[PDB]
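Presented as structure tokens, the chain that follows is alone, the form deposited in one PDB entry.
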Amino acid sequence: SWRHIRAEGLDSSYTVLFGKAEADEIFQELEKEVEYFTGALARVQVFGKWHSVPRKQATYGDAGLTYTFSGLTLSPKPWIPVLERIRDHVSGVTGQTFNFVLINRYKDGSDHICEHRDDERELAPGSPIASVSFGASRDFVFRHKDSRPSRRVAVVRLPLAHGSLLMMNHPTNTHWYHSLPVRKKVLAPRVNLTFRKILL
């Protein structure tokens, strides 16, 4: 069963890949194994200013690729068993294929990611983004671009659960912005993996 999230120019789907016990073990592995960028490679440029990102970020993928957003370029670290395990699985369930993963770790509800689009040039056109989540459940919010105001279109929000998979298809990232807002009452960490298809 897929919760088919749909609206005007919004095409996404949500399912639960892993039960609790497996999801726990994968999370513990991710916590044990994943290496996040620091300093220079953890700062972005937005509205003329540089900031440390209010979370942690890592990139893994096939050598030679790079991903650039908001004035920052990230080079992939070579794949590790646990990420390939997740990629290979996601690929099985979707028939889709991936060469890159951005990992975001939100230590608690005060870590977040601001409203944005994944509109970057180096993503293959048409091809989806695979968002896999572990740890604390957090709210994910979809907001229409012309809502913020020319168009009264409503917001779509859903919890992303421990062991869940959110597919983001086309034209989702051409019309809708997304964010993971601050949730002060959340005390536990969350790890998110956005598997992507990059080219250059």
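One rule holds for the numbers: they count along the sequence shown, beginning at 1. Take the two forms, find the largest set of C-alpha atoms that superpose within 1.5 Å, and that set is the rigid core.
Although it is not shown, the form deposited in another entry is what the next lines describe.
Only one of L123, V82, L74, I129 has its C-alpha shifted by 2 Å or more between the shown form and the other one once the core is superposed, and that residue is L74. With the core held fixed between the shown form and the other one, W50 has its Cα displaced by at least 2 Å. One change in the other entry concerns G71 and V141, whose Cα atoms lie at least 3 Å farther apart than in this form. Three angstroms is the minimum change: in the other entry, the CA atoms of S70 and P181 sit farther apart than in this structure, by 3 Å or more.
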